[PDB]
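Chains as they are written, first to last, in the entry's author numbering: chain A, 12 to 254, 261 to 317, 324 to 836; chain A', 12 to 254, 261 to 317, 324 to 836. A prime marks a further copy of an entry chain.
There are 2 protein chains.
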Amino acid sequence: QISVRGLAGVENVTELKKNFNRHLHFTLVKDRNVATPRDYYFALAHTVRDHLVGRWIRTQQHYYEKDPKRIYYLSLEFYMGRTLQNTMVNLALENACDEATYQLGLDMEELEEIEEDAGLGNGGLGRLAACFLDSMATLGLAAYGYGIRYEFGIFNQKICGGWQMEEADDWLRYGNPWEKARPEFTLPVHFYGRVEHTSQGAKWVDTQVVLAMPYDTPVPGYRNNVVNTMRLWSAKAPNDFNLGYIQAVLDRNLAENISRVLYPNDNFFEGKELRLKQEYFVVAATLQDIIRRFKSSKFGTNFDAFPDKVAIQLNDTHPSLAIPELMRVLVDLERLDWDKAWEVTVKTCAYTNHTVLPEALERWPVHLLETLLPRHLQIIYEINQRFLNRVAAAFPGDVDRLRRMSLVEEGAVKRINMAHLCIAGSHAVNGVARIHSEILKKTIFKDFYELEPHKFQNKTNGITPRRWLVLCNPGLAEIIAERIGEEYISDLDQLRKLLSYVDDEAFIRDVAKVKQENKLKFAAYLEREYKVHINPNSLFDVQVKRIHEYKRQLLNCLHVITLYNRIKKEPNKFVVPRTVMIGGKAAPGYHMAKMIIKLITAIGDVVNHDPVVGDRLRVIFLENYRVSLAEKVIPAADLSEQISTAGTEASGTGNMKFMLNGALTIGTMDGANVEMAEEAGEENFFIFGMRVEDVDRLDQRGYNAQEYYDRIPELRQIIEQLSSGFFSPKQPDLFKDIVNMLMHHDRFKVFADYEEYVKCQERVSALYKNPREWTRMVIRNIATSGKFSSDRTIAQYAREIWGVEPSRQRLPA
Amino acid sequence: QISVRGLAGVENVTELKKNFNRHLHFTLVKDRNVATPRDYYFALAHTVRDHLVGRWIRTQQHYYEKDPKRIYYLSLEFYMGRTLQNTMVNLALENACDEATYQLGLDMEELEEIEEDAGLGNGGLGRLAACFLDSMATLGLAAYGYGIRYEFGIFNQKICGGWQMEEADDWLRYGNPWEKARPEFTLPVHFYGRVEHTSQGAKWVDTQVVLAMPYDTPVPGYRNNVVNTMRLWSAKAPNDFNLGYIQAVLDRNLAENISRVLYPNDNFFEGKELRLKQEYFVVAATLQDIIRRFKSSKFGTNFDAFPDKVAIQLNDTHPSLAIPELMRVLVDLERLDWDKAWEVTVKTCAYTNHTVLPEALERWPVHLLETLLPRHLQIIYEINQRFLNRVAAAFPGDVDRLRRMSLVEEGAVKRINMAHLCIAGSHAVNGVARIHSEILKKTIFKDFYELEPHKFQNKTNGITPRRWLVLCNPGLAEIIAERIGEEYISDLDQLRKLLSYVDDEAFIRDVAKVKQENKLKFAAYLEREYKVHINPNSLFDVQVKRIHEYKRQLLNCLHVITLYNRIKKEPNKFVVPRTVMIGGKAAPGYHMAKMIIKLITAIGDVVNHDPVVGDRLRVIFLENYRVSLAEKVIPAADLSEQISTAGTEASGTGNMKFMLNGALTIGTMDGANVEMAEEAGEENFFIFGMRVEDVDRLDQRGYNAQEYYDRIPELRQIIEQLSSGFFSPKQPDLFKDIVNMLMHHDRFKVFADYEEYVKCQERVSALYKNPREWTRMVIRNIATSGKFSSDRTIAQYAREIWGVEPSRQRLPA
Ligand SMILES: O=c1[nH]c(=O)n([C@@H]2O[C@H](CO)[C@@H](O)[C@H]2O)c(=O)[nH]1
Ligand SMILES: O=c1[nH]c(=O)n([C@@H]2O[C@H](CO)[C@@H](O)[C@H]2O)c(=O)[nH]1
């Protein structure tokens, strides 16, 4: 049907049809008479999978022969979503499969919906890893993603009586056609035990062994015939485990619990032993695999060349144990001297920081590490001593600097600061947006920057334009390709060419047409799947992201209520109609976030059923927000809410997705919003509120929320409504915790940005009244979104950190 | 190479080779440069599997169209062994695959050894179920095996310091290419809860739900294009299970533990809750599946026709809960009246008894059933009341009969006798050999036989001649086929034609040649795999079966020591050389059985290293006895030890395997030995010892072991040797428990058969000195082994119990 979806040749369509029928028969053991739609999905997935394997085998053959420097991306999260459409896109197979399935009497889009998300992440950090894998393969890098194969990913969110309920994400129930078990590369991982000292150094003995079994998933590059590997470890008990008899077999579960479930915390540290075990498990298995691959290479014992052949990227501090584990292996097993081992480690490792929120920083109790990983604690103590000796020599007599920079934190319970470990043991430390990287050098890591300034870098985040434009918004990808060709898909900077179409009446009409179609499709999805009705002519106002106080879903709530109250006051006055959509999951133990969800639904209950409002205002909570839902809602959005308190959202990536898909942005000067506004021009963004400097000024004086309550009558009314039980008639005090937080202990200064936010929203409504000028501003956003491709991000990592050159060159097919 | 292995056509070999290469590439994601032997096994298995699916689909299509009466074989054990060679045999593919793999540069026999046994059974009962599935498919019956998919089968046995050690049989580690998950037919199973009474009868409420997910494995008939199904259930927690968050997900393990591990008890009842849950789990899921299939049929609500379309065979009492579960469904859910439901149940169910040992009988505590299955207990009480009302009417005033026949056993703890439940609720009750079925009517079920004589039948056990001749002994199958053709493989009675070859000098030579080749091959296997050396010219004296006091491995031990002591007394006297091989697993909690294993190895330690003995006597313990090992050792055997105390081994099936494979039998008149001797002629068997009647006479008088000790000097010497520490110099009292048992509390009268046993063994040695006459007797055994084909057994079940006609007719290919 459309150009960007590739060719549907007679030869290819015929071959796909017969291979589809082969899999249905031989693989699924079914025929057309008994086959369910799920069977048809699997037949298609196996058919597409077949096209991957030849390229997969020859890519890994190529790496073995050429022996390039290998990039190892270590992450506890890979938020992959669905794989079928992505694979078709990257292989130029979409139209052919569409035709083949059409001729078999099937609707391909219907089959696509059957696939489970691989929801092995929480939000931004996990999705960044997924975008990164796509870009590394597209740029021809010899890259491997290493993580854990969770049996249960992020929970499925159900809303019951307005409250969030969690259920197990049993994503492997029907099987995963994309993965290949590799039980032949199973590796032992050690826990507990004790340290023994001999003539030949230290020995870690009396350990408990858990096996790590790898599962490999292919990662196709965009039309370059490169297929890289994501290798995820699964925990397995050894066969002599605990070996009355029956109980010993049943107790195998204890070891295998390591890879059972993803910790559902977004930007929050929980110091549980099982989490620590997960972190070491991924690190220990991965490092053995890396070293094995290094020794068994065409290069040729000598670890001097280790950093020339290996780069390890730590995604946050979660895999920080890679640093002392590498030291352990090099010193204890390979018998290298400390100084040489340390040189190798530092040159190999690099660390990406994802947040400055104190509650998200990993600080492990010494007593946990003492019991679980006794040798690693000893190594960390030695790292600390040698590091602090360097600090003392650089800043003599500065005793407070010594305590501030220590990897060991003193107190009631001694803790290890994993961020400090990462900085000391890495040759590069990066933040994820310009403002964030500056904040790191000026505030939380100031001491480290003063000691080693060369270590600190910026790498602004990005998103893959394959998943986040071509896949989810084919209508927009096509109208763009009509004007400027297809090269932009792997060179997003080419979107700048669209600036010469801002006055083109044909293009203006097509851009607006694509948005309306997307909105109609999403309005239809909501009715079919959730029996909720919306007006497709209204402004689609959306905030989708994890529920967090710093992200200020509550500020959005205050605006919604302001709009409702203004309508109730002057009912016969015209207002631009809005559909306000808010979605995202709360961590199960995060009480305030659960209360915010309940608030949003409670507002909906009042607003959506008030006859005086009509279809002028609707508030909908988008249930079970996840990658597949993002692919549907983002292309449908008109307004993107990016309203974190300045200085709290390190980068954001949802913001970039909305920009690429034709939504305008209302936001604070926070994270990547700053660079987005810079790229598009401030005139083409809806920027409001305190800057970082204004927040600091308010902190020094002291934030008093009562001041705002006293001086803003519209804000006062809302607080009275919440307190009196207007939004909860049967439980009048339901939201007392929310009011109390807002009035007395609000770390994120919701009230301080309220006035500017509401006024800015008025400007948004004004522009939306003029469709032509709205669309022209939209074109100016899309056209300048090029910087935010993860291809740009990865090229910077490659050149400035990993010391490798990207390549757009095709491998032979 | 050999005729019975089928044709190796140019077309077929070419097609197999290319499909092998396809699977290696697409399925395993490998090439010839990186492939391991395990990869090659899997490529072959997938290639052979492909040939099954077409036949599998059309068989199940055929059953849906013809709607025959369906046979449901319910068992907690299916001792399947390996599947690759069996599938090739039944599909006439062995020579073609042999040729195809040879041309690819691979040895097929080497690849076959890589396959894990499906060890989902303990011994005789589980292996009988496997033979039965093979015969039902071969005889064209619409039959389904239903059981549990254990994650861990029977433990792997390691011998360490002479002691048995157990390790987990992680048979699914590398995957199972033969099974197909069918998550679409997942069914809920209920536990706990309480019974509620309404106007519309009883309701079982507040239950815990566990899901049952089926996995289907194909069961090919011998060259008839029939492929039946074995459906095994796996336990799965529902997604809202226990739904702080992390622990609730981890607690899913509790529900899923139901299908985790096979209880490793052979002929011994252990009253643990997990076992009861397993028993109900298989029954509840299976019955729902049966009823679904019955309702969704081309026949056409009315349960009057249920017994005309359904037969349920209970393999022992393990699935006895089928009786009250069927009543529950019919009465509580379908709203049939009790009397009608009961008629249907009785006409549907039939029960096979496997032993008369009191310790093996299932007697469940009422308090367990009360908590776990409250509705089932109520139904059992009602069944009991109505049954005992019938007894009272038939035998008025006989109050002791009432207590004896009750399903409820009175005492300190009330128990339900599951055997009594089975008899009351089945239209047929059978023993497994003529003597066993007679014992049932005369002793343990005498009261029931008097009430309902028509119910009691015999069905002598059998073995499949596909696995137990063609597969494991191709050399013998071939020399037989040369004379009488190939028809005997599915009509074993044709072996009688071999009686006209007993004086044929060519045949005599070939039979003896096949045995020597088998012995050389097994002697080579022992050296390669266990570094143990044996003399292939010696008599191979073997006892392989589970370790049990009733099976009297201890009597064998006494003979071995007698032979050793006689050699030591007259060293320069000629004795027929023997290799005594004993193998089998002991239940982990069975102390005495573990002591017997240690004794056997301890005798070996003395005998095998005595220079005066030389290579005249060797004692070897065969480690990890299982189906695949049986296939190797049985064709190599000269002498089969079947020496259970008369009246204790219900049938035996190992005995039949040895007879079919050219070993002579030394045994008591017990189980099927009686019918074997009857078939071959007593002159061609080595029968010794007490008959059942002699055992009873000894019991009435009182068994005094001291008498035998006092009157037999050779027996006295052995007991002194055991007591003094001759076989355990460092631990002189190691075997005190064995001696004490033998002298004071021997239920199985080892001493009473000692004299006759030793004398009979002398007669065996005498015959072995004359190779020609040994072989002639062997031919007389093989020729009369026809009755013991499981095809005969299944034909009898079909005609006399299930009311269906067997068919040797081919389905179209
Ligand atoms: O995970 C890995 N998988 C591999 O196949 N290799 C190597 O690639 C070579 C060519 O495919 C193989 O010989 C193997 O050593 C490797 O080092 N790591
Ligand atoms: O386990 C079962 N699998 C099936 O396929 N069937 C039925 O067989 C028919 C023809 O293959 C199907 O329509 C299904 O109803 C069935 O009853 N039980």
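All C-beta atoms in this analysis are idealised placements derived from N, C-alpha and C, irrespective of residue type, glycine included.
Name the residue from the options whose alpha carbon lies nearest to the alpha carbon of residue i.
i	options	result
residue 777(A)	659(A), 619(A), 583(A)	583(A)
residue 612(A)	205(A), 325(A), 286(A)	286(A)
residue 319(A)	603(A), 622(A), 717(A), 721(A)	What the structure lacks is residue 319(A): chain A is numbered 317, then 324, with the residues between left out.
residue 424(A)	433(A), 411(A), 435(A)	411(A)
residue 770(A')	138(A'), 722(A'), 786(A')	722(A')
Got a sec: is the Cβ-Cβ distance from residue i to anything in chain A below 8 Å?
i	result
residue 174(A')	no
residue 323(A')	Missing from the coordinates is residue 323(A'); the shown part of chain A' jumps over it, going from 317 to 324.
residue 611(A')	yes
residue 263(A')	yes
residue 250(A')	yes
Pull up the DSSP beta-bridge partners for residue i, would you.
i	result
residue 552(A)	Per DSSP, none; premise fails for residue 552(A).
residue 171(A)	174(A)
residue 812(A')	486(A')
residue 215(A)	206(A)
By the three-class DSSP mapping on this structure, what secondary structure does residue i have?
i	result
residue 411(A')	helix
residue 604(A')	strand
residue 375(A)	strand
residue 763(A)	helix
residue 644(A')	strand
residue 201(A)	strand
residue 351(A')	helix
So with Cβ pairs under 8 Å, would you call residue i a contact of chain A'?
i	result
residue 179(A)	yes
residue 196(A)	no
residue 272(A)	no
residue 185(A)	yes
residue 191(A)	yes
residue 125(A)	no
residue 278(A)	yes
Please list the terminal residues of the continuous alpha helix (DSSP H) segment that includes residue i.
i	result
residue 507(A')	497 to 507
residue 614(A')	614 to 630
residue 691(A')	Where residue 691(A') is concerned, there is no enclosing alpha helix (DSSP H), given that its DSSP letter is neither H nor E.
residue 363(A)	361 to 371
residue 109(A)	105 to 114
residue 243(A')	Premise fails: residue 243(A') lies in the beta strand (DSSP E), 238 to 247, not in any alpha helix (DSSP H).
residue 253(A')	Premise fails: residue 253(A') is in no alpha helix (DSSP H) and is neither H nor E.
residue 263(A)	262 to 267
Return the first residue and the last residue of the beta strand (DSSP E) that residue i is part of.
i	result
residue 73(A')	Note, residue 73(A'): premise wrong, no beta strand (DSSP E); alpha helix (DSSP H) at 48 to 77.
residue 219(A)	219 to 231
residue 387(A)	386 to 388
residue 22(A')	Taken as a continuous stretch (DSSP letters only), residue 22(A') belongs to no beta strand (DSSP E), being part of the alpha helix (DSSP H) at 21 to 33.
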